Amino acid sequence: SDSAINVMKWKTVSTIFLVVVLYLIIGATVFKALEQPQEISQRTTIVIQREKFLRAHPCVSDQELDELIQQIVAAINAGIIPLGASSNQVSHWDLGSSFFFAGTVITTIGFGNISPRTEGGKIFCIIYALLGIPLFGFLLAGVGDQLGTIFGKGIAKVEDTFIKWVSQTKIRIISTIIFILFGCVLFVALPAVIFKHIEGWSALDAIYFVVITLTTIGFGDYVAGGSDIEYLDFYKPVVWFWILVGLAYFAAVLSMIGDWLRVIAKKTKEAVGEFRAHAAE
């Protein structure tokens, strides 16, 4: 019976599908609730600023203004600073930023603040990713291994002193707590504090940057080292290390959350079986 388990599998996949479809719907409405209003008030008060310079300069064709703004937004994607009071410019593809860029490719973070424009840079970026993503996966695996054996030494010491008058499977709970607590300190709390000072971000934007980056979502709305400010350069290589170890950390954290869902799925699947078989006595 080979197709007996395959029919059981497709039943599992399709239910997970519908839960994903419905999880996307719930999230969609919650983001639309949170983000539609602040969008409208900004898109109306930008038409307000529009008309203040639409009619205060009639001698501009005013059909070429919205063509001007296209030619600025089209060129702002490359990272321009089109100003006369600041016309000398730092490079976005210098010795170190293309090193950053290559990092966003293999880590699949892909902030996108810097992206290739040449047809050659795109063809190399395709090849660089198809090889670099598997390669970096081995490094990130070993970093997970090394960081695992360090925590294994830690709980060998802590699961010895917490042996009072003790069960094996309940101290597993105590261990995962100290992993989450210490983990959020070294990989979320402490770095975000450093970003809050150095990057000048808010306390929320820093943690937001941490989570968006280490989950490899990589929106790119906030990027460490993305401004020109001063950059000790003590700073940027520490951030390379943070990412290398922080990605390994969320990889385990996300995997833990996945197993929790597996458990909650079993508990809720049997609760519905309970609710049915009772049906009010």
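Heads up, when I say rigid core I mean the largest set of C-alphas that superpose within 1.5 Å between the two forms. Just count from 1 along the sequence shown to find any residue number.
Asks: Out of 194-202 and 171-179, which shows the greater rigid core-aligned C-alpha deviation in 5 other deposited structures of this protein?
Replies: Comparing 171-179 with 194-202, the one that moves more in 5 other deposited structures of this protein is 171-179.
Asks: Quick one: core-superposed, which stretch strays further from the shown model in 5 other deposited structures of this protein, 237-245 or 65-73? Go by RMS C-alpha distance.
Replies: Comparing 237-245 with 65-73, the one that moves more in 5 other deposited structures of this protein is 65-73.
Asks: Checking the other compared PDB entries, only those that cover the residues flanking it, does residue 84 lack coordinates in at least one third?
Replies: Other entries vs residue 84: at least a third skip it.
Asks: Mind pulling up the entry and telling me whether 84-92 or 204-212 has the higher mean Cα temperature factor?
Replies: According to the PDB entry, the answer is 84-92.
Asks: With reference to the PDB entry, specify whether the mean Cα temperature factor is higher for 147-155 or for 133-141.
Replies: Per the deposited B-factors, the answer is 147-155.
Asks: By the entry's C-alpha temperature factors, tell me which of 223, 30, 245, 59 sits highest.
Replies: The record points to 59.
Asks: Looking at 53, 240, 235, 250, which has the highest Cα B-factor in the entry?
Replies: Of 53, 240, 235, 250, 53 has the highest C-alpha B-factor.
Asks: Should residue 185 be placed in the lowest, middle or highest third of its chain by the C-alpha B factor in the entry?
Replies: Within its chain, residue 185 is a middle-third residue by C-alpha B-factor, going by the deposited values.
Asks: Once the chain's modelled residues are ordered by C-alpha B factor and cut into thirds, is residue 170 in the lowest, middle or highest one?
Replies: Highest third of the chain for residue 170's C-alpha B-factor.
Asks: Quick check on the deposited entry: does the C-alpha B-factor of residue 78 sit in the lowest, middle or highest third of its chain?
Replies: Ranked within chain, residue 78 CA B lands in the highest tercile.
Asks: Taking the entry's C-alpha B-factors for this chain, is residue 69 in the lowest, middle or highest third?
Replies: Highest third - that is where residue 69 ends up once the chain's C-alpha B-factors are sorted.
Asks: Which third, lowest, middle or highest, does the CA B-factor of residue 34 fall in along this chain?
Replies: CA B-factor rank for residue 34: middle third.
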